[PDB]
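Content type PDB, C-alpha atoms and all ligand atoms, from the file coords.pdb:
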ATOM      1  CA  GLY A   1      31.025  34.188  -0.991
ATOM      2  CA  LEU A   2      34.212  34.669  -3.039
ATOM      3  CA  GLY A   3      36.906  33.175  -0.838
ATOM      4  CA  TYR A   4      34.835  34.053   2.250
ATOM      5  CA  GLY A   5      31.849  32.252   3.718
ATOM      6  CA  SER A   6      30.391  29.330   1.760
ATOM      7  CA  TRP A   7      32.857  27.696  -0.586
ATOM      8  CA  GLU A   8      29.855  26.580  -2.641
ATOM      9  CA  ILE A   9      29.347  29.612  -4.910
ATOM     10  CA  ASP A  10      25.859  30.472  -6.147
ATOM     11  CA  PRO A  11      26.065  30.366  -9.968
ATOM     12  CA  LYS A  12      23.262  32.958 -10.035
ATOM     13  CA  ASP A  13      25.911  35.390  -8.756
ATOM     14  CA  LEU A  14      28.049  34.648 -11.840
ATOM     15  CA  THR A  15      28.061  36.208 -15.296
ATOM     16  CA  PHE A  16      29.704  34.186 -18.101
ATOM     17  CA  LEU A  17      31.719  36.273 -20.562
ATOM     18  CA  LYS A  18      34.557  35.468 -22.970
ATOM     19  CA  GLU A  19      36.324  32.151 -23.242
ATOM     20  CA  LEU A  20      39.843  32.132 -21.851
ATOM     21  CA  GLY A  21      40.966  28.561 -22.443
ATOM     22  CA  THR A  22      39.797  25.201 -23.668
ATOM     23  CA  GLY A  23      41.075  21.646 -23.591
ATOM     24  CA  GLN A  24      40.254  18.081 -22.750
ATOM     25  CA  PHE A  25      39.448  19.062 -19.127
ATOM     26  CA  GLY A  26      36.801  21.625 -20.044
ATOM     27  CA  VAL A  27      36.541  25.307 -20.907
ATOM     28  CA  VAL A  28      37.490  28.430 -18.960
ATOM     29  CA  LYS A  29      35.353  31.577 -19.079
ATOM     30  CA  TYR A  30      35.956  35.063 -17.799
ATOM     31  CA  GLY A  31      33.198  36.107 -15.425
ATOM     32  CA  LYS A  32      32.064  38.603 -12.824
ATOM     33  CA  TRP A  33      30.882  37.651  -9.333
ATOM     34  CA  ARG A  34      28.055  39.867  -8.080
ATOM     35  CA  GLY A  35      28.971  42.173 -10.971
ATOM     36  CA  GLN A  36      32.078  43.451  -9.161
ATOM     37  CA  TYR A  37      34.901  40.892  -8.882
ATOM     38  CA  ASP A  38      36.668  39.267 -11.838
ATOM     39  CA  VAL A  39      36.804  35.470 -11.873
ATOM     40  CA  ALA A  40      37.906  32.649 -14.143
ATOM     41  CA  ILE A  41      35.188  29.985 -14.255
ATOM     42  CA  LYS A  42      36.697  26.582 -15.070
ATOM     43  CA  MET A  43      33.903  24.213 -16.099
ATOM     44  CA  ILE A  44      34.722  20.528 -15.892
ATOM     45  CA  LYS A  45      33.768  18.569 -18.997
ATOM     46  CA  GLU A  46      31.672  15.641 -17.878
ATOM     47  CA  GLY A  47      33.433  12.316 -18.324
ATOM     48  CA  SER A  48      36.911  13.793 -17.816
ATOM     49  CA  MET A  49      37.352  13.904 -13.987
ATOM     50  CA  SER A  50      36.841  11.716 -10.942
ATOM     51  CA  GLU A  51      34.346  14.319  -9.765
ATOM     52  CA  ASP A  52      33.551  12.898  -6.327
ATOM     53  CA  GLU A  53      37.243  12.670  -5.387
ATOM     54  CA  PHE A  54      37.864  16.097  -6.906
ATOM     55  CA  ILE A  55      35.140  17.799  -4.860
ATOM     56  CA  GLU A  56      36.361  16.174  -1.623
ATOM     57  CA  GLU A  57      39.876  17.493  -2.255
ATOM     58  CA  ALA A  58      38.668  20.938  -3.314
ATOM     59  CA  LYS A  59      37.457  21.495   0.248
ATOM     60  CA  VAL A  60      40.985  20.982   1.591
ATOM     61  CA  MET A  61      42.540  23.067  -1.201
ATOM     62  CA  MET A  62      40.378  26.003  -0.062
ATOM     63  CA  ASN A  63      42.960  26.368   2.729
ATOM     64  CA  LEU A  64      45.917  26.821   0.334
ATOM     65  CA  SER A  65      46.657  30.524  -0.039
ATOM     66  CA  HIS A  66      49.749  32.302  -1.315
ATOM     67  CA  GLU A  67      50.403  35.456  -3.303
ATOM     68  CA  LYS A  68      52.035  33.462  -6.132
ATOM     69  CA  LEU A  69      49.466  30.614  -6.139
ATOM     70  CA  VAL A  70      46.320  30.958  -8.265
ATOM     71  CA  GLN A  71      43.566  31.468  -5.698
ATOM     72  CA  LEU A  72      40.657  29.005  -5.530
ATOM     73  CA  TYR A  73      37.530  30.923  -4.485
ATOM     74  CA  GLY A  74      35.084  28.005  -4.465
ATOM     75  CA  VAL A  75      33.030  25.580  -6.536
ATOM     76  CA  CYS A  76      29.591  25.147  -8.125
ATOM     77  CA  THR A  77      28.551  21.507  -7.680
ATOM     78  CA  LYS A  78      24.745  21.692  -7.669
ATOM     79  CA  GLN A  79      24.550  21.625 -11.480
ATOM     80  CA  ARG A  80      25.936  19.847 -14.532
ATOM     81  CA  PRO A  81      28.740  20.428 -15.363
ATOM     82  CA  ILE A  82      30.467  21.493 -12.124
ATOM     83  CA  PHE A  83      32.486  24.737 -11.996
ATOM     84  CA  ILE A  84      35.649  25.805 -10.197
ATOM     85  CA  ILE A  85      35.820  29.535  -9.430
ATOM     86  CA  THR A  86      39.406  30.748  -9.520
ATOM     87  CA  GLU A  87      41.559  33.859  -9.757
ATOM     88  CA  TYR A  88      41.304  35.712 -13.073
ATOM     89  CA  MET A  89      44.730  36.247 -14.701
ATOM     90  CA  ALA A  90      44.372  38.788 -17.501
ATOM     91  CA  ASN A  91      47.487  37.834 -19.448
ATOM     92  CA  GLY A  92      46.703  34.120 -19.762
ATOM     93  CA  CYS A  93      48.999  31.099 -19.698
ATOM     94  CA  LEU A  94      52.735  31.711 -19.282
ATOM     95  CA  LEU A  95      53.647  29.572 -22.314
ATOM     96  CA  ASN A  96      51.834  31.819 -24.802
ATOM     97  CA  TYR A  97      52.934  34.927 -22.928
ATOM     98  CA  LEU A  98      56.590  33.865 -23.336
ATOM     99  CA  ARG A  99      56.100  33.291 -27.078
ATOM    100  CA  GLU A 100      54.658  36.770 -27.788
ATOM    101  CA  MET A 101      57.644  38.558 -29.342
ATOM    102  CA  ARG A 102      56.117  41.990 -28.767
ATOM    103  CA  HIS A 103      56.851  41.800 -25.028
ATOM    104  CA  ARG A 104      60.615  42.038 -25.779
ATOM    105  CA  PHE A 105      61.454  40.672 -22.320
ATOM    106  CA  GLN A 106      64.553  41.708 -20.408
ATOM    107  CA  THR A 107      66.360  38.923 -18.604
ATOM    108  CA  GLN A 108      65.549  40.676 -15.312
ATOM    109  CA  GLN A 109      61.862  40.001 -16.077
ATOM    110  CA  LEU A 110      62.553  36.329 -16.875
ATOM    111  CA  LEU A 111      64.402  35.765 -13.582
ATOM    112  CA  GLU A 112      61.507  37.365 -11.692
ATOM    113  CA  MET A 113      59.110  34.918 -13.401
ATOM    114  CA  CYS A 114      61.301  32.157 -12.007
ATOM    115  CA  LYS A 115      61.272  33.756  -8.555
ATOM    116  CA  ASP A 116      57.474  34.003  -8.713
ATOM    117  CA  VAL A 117      56.980  30.317  -9.530
ATOM    118  CA  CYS A 118      59.634  29.251  -7.037
ATOM    119  CA  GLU A 119      57.978  31.155  -4.166
ATOM    120  CA  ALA A 120      54.704  29.406  -5.006
ATOM    121  CA  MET A 121      56.411  26.036  -5.022
ATOM    122  CA  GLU A 122      58.328  26.613  -1.817
ATOM    123  CA  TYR A 123      54.896  27.258  -0.318
ATOM    124  CA  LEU A 124      53.421  24.029  -1.662
ATOM    125  CA  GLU A 125      56.491  22.115  -0.522
ATOM    126  CA  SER A 126      56.042  23.456   3.018
ATOM    127  CA  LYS A 127      52.500  22.030   2.864
ATOM    128  CA  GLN A 128      53.789  18.664   1.541
ATOM    129  CA  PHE A 129      51.712  19.271  -1.591
ATOM    130  CA  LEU A 130      52.918  18.206  -5.045
ATOM    131  CA  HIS A 131      51.987  20.059  -8.201
ATOM    132  CA  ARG A 132      52.618  16.908 -10.299
ATOM    133  CA  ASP A 133      52.452  18.714 -13.688
ATOM    134  CA  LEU A 134      54.557  21.853 -13.308
ATOM    135  CA  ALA A 135      55.280  23.552 -16.655
ATOM    136  CA  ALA A 136      54.868  26.911 -18.370
ATOM    137  CA  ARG A 137      51.476  25.842 -19.774
ATOM    138  CA  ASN A 138      50.261  25.444 -16.174
ATOM    139  CA  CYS A 139      51.304  28.930 -14.992
ATOM    140  CA  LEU A 140      49.271  32.110 -15.433
ATOM    141  CA  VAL A 141      50.153  35.827 -15.704
ATOM    142  CA  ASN A 142      48.007  38.590 -14.243
ATOM    143  CA  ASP A 143      47.557  42.169 -15.471
ATOM    144  CA  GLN A 144      50.739  43.294 -13.645
ATOM    145  CA  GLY A 145      52.966  40.598 -15.122
ATOM    146  CA  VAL A 146      53.104  38.465 -11.966
ATOM    147  CA  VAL A 147      53.326  34.695 -12.625
ATOM    148  CA  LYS A 148      51.305  32.311 -10.462
ATOM    149  CA  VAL A 149      51.151  28.514 -10.370
ATOM    150  CA  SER A 150      47.903  27.020 -11.678
ATOM    151  CA  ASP A 151      45.999  23.682 -11.606
ATOM    152  CA  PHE A 152      48.317  22.306  -8.915
ATOM    153  CA  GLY A 153      47.480  18.705  -8.095
ATOM    154  CA  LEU A 154      44.733  18.447 -10.712
ATOM    155  CA  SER A 155      46.255  15.485 -12.554
ATOM    156  CA  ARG A 156      45.146  13.227  -9.680
ATOM    157  CA  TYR A 157      41.557  13.333 -10.960
ATOM    158  CA  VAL A 158      42.067  13.089 -14.753
ATOM    159  CA  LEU A 159      40.471   9.864 -16.035
ATOM    160  CA  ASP A 160      42.270   9.824 -19.414
ATOM    161  CA  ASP A 161      45.015   7.207 -19.105
ATOM    162  CA  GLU A 162      46.946   8.752 -22.010
ATOM    163  CA  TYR A 163      47.607  11.651 -19.616
ATOM    164  CA  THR A 164      48.269   9.890 -16.295
ATOM    165  CA  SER A 165      50.367   6.910 -17.485
ATOM    166  CA  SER A 166      54.091   7.625 -17.974
ATOM    167  CA  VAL A 167      53.859   5.929 -21.392
ATOM    168  CA  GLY A 168      50.732   7.862 -22.468
ATOM    169  CA  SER A 169      50.725  10.204 -25.453
ATOM    170  CA  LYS A 170      49.724  13.139 -23.208
ATOM    171  CA  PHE A 171      51.988  12.544 -20.213
ATOM    172  CA  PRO A 172      54.513  15.358 -19.407
ATOM    173  CA  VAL A 173      57.484  13.256 -20.477
ATOM    174  CA  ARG A 174      59.647  16.289 -21.216
ATOM    175  CA  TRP A 175      59.156  17.645 -17.670
ATOM    176  CA  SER A 176      59.717  14.245 -15.899
ATOM    177  CA  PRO A 177      62.876  12.863 -14.231
ATOM    178  CA  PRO A 178      64.138   9.377 -15.101
ATOM    179  CA  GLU A 179      62.775   7.704 -11.949
ATOM    180  CA  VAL A 180      59.277   8.892 -12.867
ATOM    181  CA  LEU A 181      59.569   7.643 -16.466
ATOM    182  CA  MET A 182      61.144   4.350 -15.407
ATOM    183  CA  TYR A 183      59.527   3.435 -12.072
ATOM    184  CA  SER A 184      56.649   5.884 -11.418
ATOM    185  CA  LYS A 185      58.605   7.275  -8.450
ATOM    186  CA  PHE A 186      56.963  10.638  -7.709
ATOM    187  CA  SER A 187      58.180  13.006  -4.976
ATOM    188  CA  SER A 188      59.082  16.607  -4.242
ATOM    189  CA  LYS A 189      62.203  15.919  -6.299
ATOM    190  CA  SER A 190      60.119  15.235  -9.433
ATOM    191  CA  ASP A 191      58.520  18.668  -9.010
ATOM    192  CA  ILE A 192      62.073  20.018  -8.681
ATOM    193  CA  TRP A 193      63.066  18.457 -12.017
ATOM    194  CA  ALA A 194      59.989  19.981 -13.692
ATOM    195  CA  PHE A 195      60.853  23.402 -12.266
ATOM    196  CA  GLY A 196      64.276  23.205 -13.882
ATOM    197  CA  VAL A 197      62.588  22.524 -17.212
ATOM    198  CA  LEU A 198      60.234  25.433 -16.528
ATOM    199  CA  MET A 199      63.210  27.750 -16.030
ATOM    200  CA  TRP A 200      64.560  26.473 -19.344
ATOM    201  CA  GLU A 201      61.200  27.257 -21.026
ATOM    202  CA  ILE A 202      61.225  30.774 -19.576
ATOM    203  CA  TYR A 203      64.755  31.563 -20.714
ATOM    204  CA  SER A 204      64.042  29.985 -24.104
ATOM    205  CA  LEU A 205      60.968  32.199 -24.594
ATOM    206  CA  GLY A 206      58.642  29.217 -24.755
ATOM    207  CA  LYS A 207      60.530  26.731 -26.949
ATOM    208  CA  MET A 208      59.553  23.082 -26.572
ATOM    209  CA  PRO A 209      62.157  21.175 -24.512
ATOM    210  CA  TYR A 210      64.127  18.607 -26.516
ATOM    211  CA  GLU A 211      62.428  19.817 -29.708
ATOM    212  CA  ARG A 212      64.531  17.594 -31.983
ATOM    213  CA  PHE A 213      63.475  14.452 -30.049
ATOM    214  CA  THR A 214      60.234  12.495 -29.864
ATOM    215  CA  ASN A 215      58.698  11.643 -26.505
ATOM    216  CA  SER A 216      60.173   8.154 -26.682
ATOM    217  CA  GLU A 217      63.596   9.435 -27.685
ATOM    218  CA  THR A 218      63.546  12.041 -24.914
ATOM    219  CA  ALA A 219      62.804   9.471 -22.223
ATOM    220  CA  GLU A 220      65.578   7.194 -23.461
ATOM    221  CA  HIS A 221      68.234   9.890 -23.768
ATOM    222  CA  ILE A 222      67.679  11.866 -20.543
ATOM    223  CA  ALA A 223      68.082   8.544 -18.699
ATOM    224  CA  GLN A 224      71.428   8.090 -20.434
ATOM    225  CA  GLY A 225      72.559  11.580 -19.433
ATOM    226  CA  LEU A 226      71.215  13.971 -22.029
ATOM    227  CA  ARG A 227      70.471  17.403 -20.569
ATOM    228  CA  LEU A 228      68.887  20.532 -22.033
ATOM    229  CA  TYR A 229      71.402  23.043 -23.460
ATOM    230  CA  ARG A 230      71.890  26.434 -21.828
ATOM    231  CA  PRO A 231      69.503  28.974 -23.423
ATOM    232  CA  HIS A 232      71.236  31.945 -25.007
ATOM    233  CA  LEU A 233      69.504  34.371 -22.605
ATOM    234  CA  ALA A 234      70.610  32.413 -19.503
ATOM    235  CA  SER A 235      73.878  33.419 -17.867
ATOM    236  CA  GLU A 236      76.152  30.712 -16.476
ATOM    237  CA  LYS A 237      74.866  31.378 -12.966
ATOM    238  CA  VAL A 238      71.247  31.092 -14.109
ATOM    239  CA  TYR A 239      71.991  27.845 -15.968
ATOM    240  CA  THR A 240      73.725  26.439 -12.901
ATOM    241  CA  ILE A 241      70.436  26.799 -11.039
ATOM    242  CA  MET A 242      68.185  25.026 -13.534
ATOM    243  CA  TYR A 243      70.864  22.388 -14.167
ATOM    244  CA  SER A 244      70.975  21.557 -10.425
ATOM    245  CA  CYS A 245      67.340  20.389 -10.791
ATOM    246  CA  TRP A 246      68.403  17.587 -13.143
ATOM    247  CA  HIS A 247      70.828  15.454 -11.151
ATOM    248  CA  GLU A 248      70.293  11.782 -11.871
ATOM    249  CA  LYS A 249      69.942  11.074  -8.140
ATOM    250  CA  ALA A 250      66.715  12.662  -6.864
ATOM    251  CA  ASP A 251      67.951  13.235  -3.321
ATOM    252  CA  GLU A 252      70.895  15.243  -4.805
ATOM    253  CA  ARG A 253      68.501  17.841  -6.233
ATOM    254  CA  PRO A 254      67.803  20.970  -4.158
ATOM    255  CA  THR A 255      64.627  21.902  -2.337
ATOM    256  CA  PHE A 256      62.515  24.809  -3.522
ATOM    257  CA  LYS A 257      63.764  26.724  -0.447
ATOM    258  CA  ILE A 258      67.356  26.306  -1.690
ATOM    259  CA  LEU A 259      66.374  27.114  -5.280
ATOM    260  CA  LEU A 260      64.695  30.322  -4.121
ATOM    261  CA  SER A 261      67.805  31.396  -2.224
ATOM    262  CA  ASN A 262      69.931  30.738  -5.330
ATOM    263  CA  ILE A 263      67.557  32.781  -7.497
ATOM    264  CA  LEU A 264      67.570  35.640  -4.969
ATOM    265  CA  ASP A 265      71.372  35.601  -4.922
ATOM    266  CA  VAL A 266      71.474  36.086  -8.677
ATOM    267  CA  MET A 267      68.813  38.809  -8.501
ATOM    268  CA  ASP A 268      70.673  40.567  -5.678
ATOM    269  CA  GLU A 269      73.704  41.107  -7.932
ATOM    270  CA  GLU A 270      71.811  43.622 -10.125
TER     271      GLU A 270
HETATM  272  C1  LIG B 301      44.052  20.536 -20.667
HETATM  273  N1  LIG B 301      43.595  21.888 -20.412
HETATM  274  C2  LIG B 301      42.300  22.206 -20.383
HETATM  275  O1  LIG B 301      41.412  21.360 -20.538
HETATM  276  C3  LIG B 301      41.968  23.685 -20.204
HETATM  277  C4  LIG B 301      40.663  23.892 -19.432
HETATM  278  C5  LIG B 301      40.905  23.574 -17.989
HETATM  279  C6  LIG B 301      42.150  23.604 -17.430
HETATM  280  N2  LIG B 301      42.063  23.273 -16.089
HETATM  281  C7  LIG B 301      40.744  23.015 -15.783
HETATM  282  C8  LIG B 301      40.155  22.637 -14.581
HETATM  283  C9  LIG B 301      38.794  22.437 -14.574
HETATM  284  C10 LIG B 301      38.029  22.613 -15.720
HETATM  285  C11 LIG B 301      38.603  22.990 -16.914
HETATM  286  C12 LIG B 301      39.986  23.196 -16.961
HETATM  287  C13 LIG B 301      43.402  23.955 -18.177
HETATM  288  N3  LIG B 301      43.046  24.422 -19.533
HETATM  289  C14 LIG B 301      43.583  25.489 -20.175
HETATM  290  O2  LIG B 301      43.169  25.873 -21.273
HETATM  291  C15 LIG B 301      44.733  26.224 -19.513
HETATM  292  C16 LIG B 301      45.982  26.085 -20.389
HETATM  293  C17 LIG B 301      46.381  24.661 -20.669
HETATM  294  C18 LIG B 301      47.099  23.940 -19.732
HETATM  295  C19 LIG B 301      47.474  22.637 -19.987
HETATM  296  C20 LIG B 301      47.128  22.044 -21.185
HETATM  297  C21 LIG B 301      46.406  22.733 -22.144
HETATM  298  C22 LIG B 301      46.024  22.078 -23.437
HETATM  299  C23 LIG B 301      46.031  24.038 -21.865
HETATM  300  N4  LIG B 301      44.433  27.619 -19.298
HETATM  301  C24 LIG B 301      43.687  28.021 -18.266
HETATM  302  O3  LIG B 301      43.260  27.230 -17.427
HETATM  303  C25 LIG B 301      43.471  29.497 -18.126
HETATM  304  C26 LIG B 301      43.675  30.396 -19.182
HETATM  305  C27 LIG B 301      43.503  31.757 -19.028
HETATM  306  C28 LIG B 301      43.117  32.220 -17.765
HETATM  307  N5  LIG B 301      42.879  33.473 -17.294
HETATM  308  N6  LIG B 301      42.543  33.448 -15.970
HETATM  309  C29 LIG B 301      42.540  32.178 -15.609
HETATM  310  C30 LIG B 301      42.903  31.337 -16.693
HETATM  311  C31 LIG B 301      43.084  29.971 -16.878
HETATM  312 CL    CL B 302      74.220  12.678  -9.121
HETATM  313 NA    NA B 303      67.091  19.304 -29.289
END
Represent the structure contained in this file as structure tokens.
Ligand SMILES: CNC(=O)[C@H]1Cc2c([nH]c3ccccc23)CN1C(=O)[C@@H](Cc1cccc(C)c1)NC(=O)c1ccc2[nH]ncc2c1
Ligand SMILES: [Cl-]
Ligand code: NA
Amino acid sequence: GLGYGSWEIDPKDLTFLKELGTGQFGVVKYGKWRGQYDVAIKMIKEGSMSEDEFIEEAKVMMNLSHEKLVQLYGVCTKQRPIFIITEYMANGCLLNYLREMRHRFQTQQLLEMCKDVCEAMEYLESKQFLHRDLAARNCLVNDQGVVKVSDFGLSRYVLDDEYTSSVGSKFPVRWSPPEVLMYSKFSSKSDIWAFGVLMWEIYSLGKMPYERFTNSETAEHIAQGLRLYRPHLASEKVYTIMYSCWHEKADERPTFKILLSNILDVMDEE
């Protein structure tokens, strides 16, 4: 079934409609399950994933469930290529959503997007689960405007070394703390850093972090003490929150639980 019963979904119960997304991992199609329920069908391009390891871990990820986490309904592994059946989010990736000027966002909406993501990440943290590539491109927005965290943990199965090596051309350098870029030291605190950058993306309406700097320059300068400027739409109290994610010393950065409380405090003042 869809999130109930077998986690192996029968692809004969799926209809494959419009494409929602495409990249070096595969292609994402909108679909219906038993002609009633909307789904996003993420089909894994052969040659891109450690498929055995990925299927083993998908079974465990079936147990992750939270309102602000993109729901995994199941998988289709008895064919080539394999599919992941996931929650359909009608408004697409958060990065493009932020860049659409027609939305004319209020700052109250931007803070709520931060709350949404933070609640999802507090959940993952309580499960000792790392996202490992948190960023606006990896969040989705549903038909009601709710943001949910997507593709959490997926980078563990990507074979392309340009994307998993901290020196690779596809690595999330601009979302990584210095100890990741220097020593490959991953932890909850490197998710925390990325979340700070994600808040900066949100309040910048989707601008690229450190736009005037190359990947190599960014890595060098953030280690020296460069930090992202306060976006014009971010109040001092909002900037204080995202800035706290970027302390040089990882164990000085907050937890997602503390970040969420800070975000609620700012919301509660309206
Ligand atoms: C490298 N990415 C990729 O290759 C493809 C396919 C795919 C993903 N993740 C996968 C996992 C397994 C197989 C294929 C993929 C992720 N992916 C997407 O375009 C993402 C946006 C995105 C993120 C990072 C980097 C880039 C370049 C694009 N969008 C969506 O995923 C999406 C967009 C609209 C939606 N509406 N509802 C749900 C939904 C989902
Ligand atoms: Cl410090
Ligand atoms: Na810049």
Practice task
Using the chain letters and residue numbers of this document, give as a VMD selection string the residues selected by the PyMOL selection byres (((not hetatm)) within 8 of (chain B and resi 301)).
Solution key: chain A and resid 20 to 30 39 to 45 83 to 84 86 to 93 137 to 138 140 to 142 150 to 151 154
Using all atoms listed in the file, I'd like a table of the residues in chain A that come within 9 Å of ligand CL 302 (chain B); for each, show the closest atom pair and its distance in Å rounded to one decimal, ordered by chain and ascending number, as a tab-separated table.
residue	atom	partner	partner_atom	distance
A:246	CA	B:CL302	CL	8.6
A:247	CA	B:CL302	CL	4.8
A:248	CA	B:CL302	CL	4.9
A:249	CA	B:CL302	CL	4.7
A:250	CA	B:CL302	CL	7.8
A:251	CA	B:CL302	CL	8.6
A:252	CA	B:CL302	CL	6.0
A:253	CA	B:CL302	CL	8.2
Fill in the blank from the handout: Pairwise distance, CA of residue 50 in chain A with CA of residue 82 in chain A, equals 11.7 Å
Proximity of chain A to ligand NA 303 (chain B): per-residue shortest pair, 6 Å limit, only C-alpha atoms and all ligand atoms, as CSV:
residue,atom,partner,partner_atom,distance
A:210,CA,B:NA303,NA,4.1
A:211,CA,B:NA303,NA,4.7
A:212,CA,B:NA303,NA,4.1
Can I get the selection written as a short mmCIF file (atom, residue, chain, number, x, y, z; two decimals), in the frame of the given file, with C-alpha atoms?
data_model
loop_
_atom_site.label_atom_id
_atom_site.label_comp_id
_atom_site.auth_asym_id
_atom_site.auth_seq_id
_atom_site.Cartn_x
_atom_site.Cartn_y
_atom_site.Cartn_z
CA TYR A 210 64.13 18.61 -26.52
CA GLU A 211 62.43 19.82 -29.71
CA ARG A 212 64.53 17.59 -31.98
#
Exercise for the section: Could you tell me which residues the PyMOL selection byres (((chain A and resi 222) around 12) and not hetatm) returns for this structure, as a PyMOL selection string? Expected result: chain A and resi 173-182+193+209-210+213-221+223-228+246-248
What does the file look like for those residues with C-alpha atoms, as a CSV table (one decimal), keeping the file's coordinate frame?
chain,number,residue,atom,x,y,z
A,173,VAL,CA,57.5,13.3,-20.5
A,174,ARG,CA,59.6,16.3,-21.2
A,175,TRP,CA,59.2,17.6,-17.7
A,176,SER,CA,59.7,14.2,-15.9
A,177,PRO,CA,62.9,12.9,-14.2
A,178,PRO,CA,64.1,9.4,-15.1
A,179,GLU,CA,62.8,7.7,-11.9
A,180,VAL,CA,59.3,8.9,-12.9
A,181,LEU,CA,59.6,7.6,-16.5
A,182,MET,CA,61.1,4.4,-15.4
A,193,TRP,CA,63.1,18.5,-12.0
A,209,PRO,CA,62.2,21.2,-24.5
A,210,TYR,CA,64.1,18.6,-26.5
A,213,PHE,CA,63.5,14.5,-30.0
A,214,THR,CA,60.2,12.5,-29.9
A,215,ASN,CA,58.7,11.6,-26.5
A,216,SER,CA,60.2,8.2,-26.7
A,217,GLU,CA,63.6,9.4,-27.7
A,218,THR,CA,63.5,12.0,-24.9
A,219,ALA,CA,62.8,9.5,-22.2
A,220,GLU,CA,65.6,7.2,-23.5
A,221,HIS,CA,68.2,9.9,-23.8
A,223,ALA,CA,68.1,8.5,-18.7
A,224,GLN,CA,71.4,8.1,-20.4
A,225,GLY,CA,72.6,11.6,-19.4
A,226,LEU,CA,71.2,14.0,-22.0
A,227,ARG,CA,70.5,17.4,-20.6
A,228,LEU,CA,68.9,20.5,-22.0
A,246,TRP,CA,68.4,17.6,-13.1
A,247,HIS,CA,70.8,15.5,-11.2
A,248,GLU,CA,70.3,11.8,-11.9
Result set, the PyMOL selection byres (((chain A and resi 2) around 9) and not hetatm) on current file, as a tab-separated table (two decimals) with C-alpha atoms, in the frame of the given file:
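Generated file (expr.tsv):
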chain	number	residue	atom	x	y	z
A	1	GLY	CA	31.02	34.19	-0.99
A	3	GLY	CA	36.91	33.17	-0.84
A	4	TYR	CA	34.84	34.05	2.25
A	5	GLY	CA	31.85	32.25	3.72
A	6	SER	CA	30.39	29.33	1.76
A	7	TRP	CA	32.86	27.70	-0.59
A	9	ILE	CA	29.35	29.61	-4.91
A	33	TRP	CA	30.88	37.65	-9.33
A	37	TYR	CA	34.90	40.89	-8.88
A	72	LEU	CA	40.66	29.00	-5.53
A	73	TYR	CA	37.53	30.92	-4.49
A	74	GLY	CA	35.08	28.00	-4.46
A	85	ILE	CA	35.82	29.54	-9.43
Problem - Interatomic distance (Å, one decimal) between CA of residue 77 in chain A and CA of residue 34 in chain A - result: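 Those two atoms sit 18.4 Å apart.
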Handout entry: Coordinates-based distance that separates CA of residue 19 in chain A from CA of residue 115 in chain A (Å, one decimal)
Key =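 The value is 29.0 Å.
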Problem - Given all atoms listed in the file as the counted atoms, nearest of A:158, A:134, A:233, A:263 to residue 202 in chain A - result: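 The answer is A:233, which sits nearest to residue 202 in chain A.
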Report as JSON lines: every residue of range 29-68 of chain A with an atom at most 10 Å from range 159-168 of chain A, its closest pair of atoms, and their distance in Å to one decimal, counting all atoms listed in the file, with rows sorted by chain and ascending residue number.
{"residue": "A:47", "atom": "CA", "partner": "A:159", "partner_atom": "CA", "distance": 7.8}
{"residue": "A:48", "atom": "CA", "partner": "A:159", "partner_atom": "CA", "distance": 5.6}
{"residue": "A:49", "atom": "CA", "partner": "A:159", "partner_atom": "CA", "distance": 5.5}
{"residue": "A:50", "atom": "CA", "partner": "A:159", "partner_atom": "CA", "distance": 6.5}
{"residue": "A:51", "atom": "CA", "partner": "A:159", "partner_atom": "CA", "distance": 9.8}
Exercise for the section: Would you mind telling me which residue in A:99, A:18, A:32, A:68 lies nearest to residue 147 in chain A when using only C-alpha atoms? Expected result: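 Smallest separation from residue 147 in chain A among the options: A:68.
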Sel. within 9 Å of pt (47.2, 25.5, -2.1), counting all atoms listed in the file, output as a short mmCIF file (atom, residue, chain, number, x, y, z; two decimals) with C-alpha atoms, in the coordinates of the input:
data_model
loop_
_atom_site.label_atom_id
_atom_site.label_comp_id
_atom_site.auth_asym_id
_atom_site.auth_seq_id
_atom_site.Cartn_x
_atom_site.Cartn_y
_atom_site.Cartn_z
CA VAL A 60 40.98 20.98 1.59
CA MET A 61 42.54 23.07 -1.20
CA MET A 62 40.38 26.00 -0.06
CA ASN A 63 42.96 26.37 2.73
CA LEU A 64 45.92 26.82 0.33
CA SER A 65 46.66 30.52 -0.04
CA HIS A 66 49.75 32.30 -1.32
CA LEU A 69 49.47 30.61 -6.14
CA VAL A 70 46.32 30.96 -8.26
CA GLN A 71 43.57 31.47 -5.70
CA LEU A 72 40.66 29.00 -5.53
CA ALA A 120 54.70 29.41 -5.01
CA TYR A 123 54.90 27.26 -0.32
CA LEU A 124 53.42 24.03 -1.66
CA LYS A 127 52.50 22.03 2.86
CA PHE A 129 51.71 19.27 -1.59
CA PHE A 152 48.32 22.31 -8.91
#
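Proximity to residue 35 in chain A was assessed for A:12, A:268, A:109, A:128 counting only C-alpha atoms; the smallest distance is recorded for A:12.
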